[PDB]
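See structure below.
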Amino acid sequence: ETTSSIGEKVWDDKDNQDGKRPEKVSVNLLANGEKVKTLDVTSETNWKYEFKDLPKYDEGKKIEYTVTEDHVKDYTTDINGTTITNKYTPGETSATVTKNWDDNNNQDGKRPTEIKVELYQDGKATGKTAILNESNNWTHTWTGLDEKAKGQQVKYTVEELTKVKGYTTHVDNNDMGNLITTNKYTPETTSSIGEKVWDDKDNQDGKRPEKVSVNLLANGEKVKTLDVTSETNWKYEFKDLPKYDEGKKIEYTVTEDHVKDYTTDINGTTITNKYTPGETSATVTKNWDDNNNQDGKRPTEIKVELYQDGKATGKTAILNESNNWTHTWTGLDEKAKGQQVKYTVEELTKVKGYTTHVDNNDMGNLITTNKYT
């Protein structure tokens, strides 16, 4: 899904009476406070401009676009949406500052609600301040600033007064028309490690496979898979995993794709497989796709039932936050008559506002996802 950003440049100088209007201006496109594209506007296009083929989302989040203009001598600038007004003001200008949050869309929810900055002149604080926050799209333009401080051009810069904890700060002071303050933060990470233990009399019957596939689930969603073999002594480790999602701590679990003739039991990150000729287990997990229940319509519990070859077996389970929305049944026959049985899950409880979809590809990892529509 792409987008288009269009606007125009309007002159407020009495029709260029003093004939001091430049031939063009340079407008900058900022994506969430970051300069990603510049463009020259002239009378060729009747001072109109357009940025097309723009990504509407980055990291699955809506991109907040804004425009700034590089400083024009003796002109003061005003930005209203995409409409840039430059009014002729001999000897005076404006200065624009935008705040760039480089912290992965606030993944760890550590971003403050607002920050204050102050404009400096040739190095001395001016007393001109600004409070940047969501309301003003983290931008602010100061007006009526002196270009010359007695026979010599003056340089303006910005400085962040607020001390954002955990963040680092860098300021871009190259053009007073587009000053940018960047606050960087590196999101926390974790790792999950475990082992698989075989309970088959040290492979008495040589039925043990060469490897198993363990799945890593993030809040019920499968995000990575590992083939575990004896090469690592049946030990696995998932590294550099994001610790939070939208300010919330991610609940990580593991499941194992079905192994022929073994009954799986999962305790934490320890996966145990017991040799049980003709019998296995089935594992279910509920996936809540509703932006971490921000709208608060998620039920506190649901019920699912096991089905073999399409018929209700009567084996049910209540999934909730206490058992991590996951359950494993044991004692399931792999064969009936001479053919292999098929196992699927059914969500019994119908939850309003959500649409359900069930993945029955592998009985060792059945996943019921509910999308908040």
Side-chain angles (χ1 to χ4, degrees), residues 1-3 32 55-65 101 103-111 113 133-135 137 187-188 190 192 215-225 241-255 266 282-308 310-329 342-373:
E1 197 52 57
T2 67
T3 324
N32 296 134
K56 185 185 281 195
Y57 310 86
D58 124 284
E59 185 183 353
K61 261 285 294 156
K62 188 64 165 291
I63 301 182
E64 196 50 276
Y65 288 115
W101 285 113
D103 57 354
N104 255 293
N105 294 172
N106 189 41
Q107 181 179 303
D108 295 27
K110 261 48 187 171
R111 195 142 103 194
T113 30
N133 55 51
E134 266 298 336
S135 309
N137 296 315
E188 294 185 59
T190 0
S192 286
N215 309 300
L216 178 70
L217 279 52
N219 289 160
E221 226 210 313
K222 187 214 297 167
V223 296
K224 289 190 172 184
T225 309
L241 286 22
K243 197 189 218 104
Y244 302 87
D245 180 24
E246 291 171 350
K248 277 185 141 178
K249 212 186 306 293
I250 295 167
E251 250 297 328
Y252 283 114
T253 48
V254 294
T255 55
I266 294 151
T283 292
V284 219
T285 301
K286 179 61 158 64
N287 177 33
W288 284 113
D289 187 18
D290 61 6
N291 281 104
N292 280 279
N293 193 37
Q294 66 160 195
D295 224 39
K297 289 289 173 191
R298 185 188 304 173
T300 45
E301 78 168 33
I302 62 162
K303 196 173 186 62
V304 298
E305 172 172 45
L306 193 60
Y307 285 53
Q308 48 179 165
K311 328 304 171 177
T313 75
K315 315 222 72 186
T316 65
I318 298 295
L319 309 182
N320 55 50
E321 180 65 72
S322 78
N323 58 32
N324 287 65
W325 305 97
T326 188
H327 191 256
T328 293
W329 293 286
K342 173 188 58 55
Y343 287 104
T344 59
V345 261
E346 235 81 282
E347 180 166 60
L348 306 180
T349 47
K350 202 168 303 68
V351 304
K352 278 53 199 185
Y354 285 82
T355 43
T356 311
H357 146 230
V358 182
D359 174 340
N360 298 290
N361 289 179
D362 191 299
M363 65 194 280
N365 187 36
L366 303 175
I367 300 179
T368 296
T369 124
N370 278 158
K371 212 233 181 184
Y372 184 49
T373 20

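Heads up: numbering here begins at 1 and tracks the sequence. Values reported hereafter were calculated over all heavy atoms of this structure, with side chains retained and with hydrogens, waters and symmetry mates removed.
- Scored by the ring-ring contact (aromatic ring centres under 6.0 Å, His included) test, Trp101 finds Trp138, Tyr167 as partners (sequence neighbours excluded).
- Note that NE2 of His357 is 6.5 Å distant from OG1 of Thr369, once rounded to the nearest 0.5 Å.
- A donor-acceptor distance shorter than 3.5 angstrom exists from the side chain of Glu305 to the backbone of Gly314, with no hydrogens or angles considered.
- With rounding to the nearest 0.5 angstrom, the CG atom of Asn215 is 4.0 Å from the OG1 atom of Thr255.
- The structure places CD1 of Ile250 at 11.0 Å from CD of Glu188, a figure rounded to the nearest 0.5 Å.
- For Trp329, the ring-ring contact (aromatic ring centres under 6.0 Å, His included) partners two or more places apart in sequence, or in a different chain, are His327.
- Annotation: the span from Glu301 atom CD to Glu321 atom CD amounts to 12.5 Å, rounded to 0.5 Å.
- Taking the side chain as every heavy atom from C-beta outward, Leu216 and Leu241 approach each other to under 4.5 Å.
- Checking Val284, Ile367, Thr283 one by one against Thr326, the side chain to side chain contact (heavy atoms under 4.5 Å, CB included) holds for a single residue, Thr283.
- In this structure, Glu346 has no side-chain hydrogen bond (donor to acceptor under 3.5 Å, both in side chains) partners at least two apart in sequence or on a different chain.
- Side-chain contact between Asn365 and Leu217 is present, with heavy atoms from C-beta onward closer than 4.5 Å.
- Note on residues 288-300: pairs passing salt bridge (charged side-chain N to carboxylate O under 4.0 Å, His left out), not counting sequence neighbours, are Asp290-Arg298.
- Judged by distance alone, with hydrogens and angles left aside, the side-chain atoms of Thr313 form a donor-acceptor pair with the main-chain N or O of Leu306 at under 3.5 Å.
- Using a 3.5 Å distance cut-off with no hydrogens or angles, the side chains of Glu347 and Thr356 do pair a donor with an acceptor.
- Atom NZ of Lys243 has more than 12 neighbouring heavy atoms from other residues, nucleotides or ligands inside a 6.0 Å radius.
- Of all heavy-atom pairs between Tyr252 and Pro242, the closest is OH-O, 2.8 Å.
- Counting all heavy atoms, side chain and backbone alike, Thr300 lies closest to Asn320 at O-CB, 3.5 Å.
- Counting all heavy atoms, side chain and backbone alike, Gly220 lies closest to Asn287 at O-CB, 3.4 Å.
- By the side chain to side chain contact (heavy atoms under 4.5 Å, CB included) test, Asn292 is found to be paired with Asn219, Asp245, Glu246, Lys248, residues two or more places apart in sequence or in another chain being considered.
- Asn360 and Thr344 share no donor-acceptor pair across their side chains, judged by distance under 3.5 Å alone.
- For the salt bridge (charged side-chain N to carboxylate O under 4.0 Å, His left out) condition, no pair includes a residue of residues 354-373, sequence neighbours left out.
- Residue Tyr244 holds its OH atom at 8.5 Å from OG1 of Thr190, rounded to the nearest 0.5 Å.
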